[PDB]
C-alpha cells in the first residue's frame, strides 16, 4: 500500500502563513490514513477545509479537525461519528508526528494533532498515522499563537487542503 501525501494551507486571521504537507502511513494504518486523506480532499462533502487549530500548546502540539462544531468538541470520520483505534504500531517519537485526538478508546473522529516535540506518554493511547513531510517550520510558526492551556491568540485556519500524491 503506497502512503499518500496531503497538504494544509494555514492562515492566521485570514492571512496566508504557509503550507504543511503530511505523509499518511496507509502502509501501517490504512483505515486511519484514508479518513484523514478524504477529510483533506473534502471528497465526501465535508472535511478540514475552513476548520481551525483550536488548541496550540507550545513545546507539545497543535490540535485541530473539529469541522462540525468549530469549538474543540466536534468532528466526525468518513465512517460515522467515531471509529476504533486501528493499532498503536507507530509511536509519538518527536516533532512532526500526526496522531488522532480522542475521548478515550475507540473514539476516533476527525480531530488530530501535530506533535512539536516527543509526546511518548501518548503511545498506545492515540493512533499515530502520519508525519509532516514539508513545512515543519509552519507548524513551529503556529506555536507563535498558542498558550499554556492551548487557547489561540489569533484564529489559525486550514484555508485550503487537498492531496498532492
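Numbering follows the first chain given and starts at 1.
Higher mean CA temperature factor between 94 to 102 and 66 to 74: 66 to 74, per the PDB entry. Taking the deposited Cα B-factors for 37, 55, 126, 133, the highest one is held by 133.
The deposited CA B-factor of residue 137 belongs to the highest third of values across its chain.
Compared with the other modelled residues of the chain, the Cα B-factor recorded for residue 117 ranks in the middle third. Per-chain ranking of the deposited C-alpha B factor places residue 28 in the highest third.
Among all modelled residues in this chain, the alpha-carbon of residue 161 has a temperature factor (C-alpha) in the lowest third. Residue-level temperature factors show residue 45 in the highest third of its chain, judged at the C-alpha atom.
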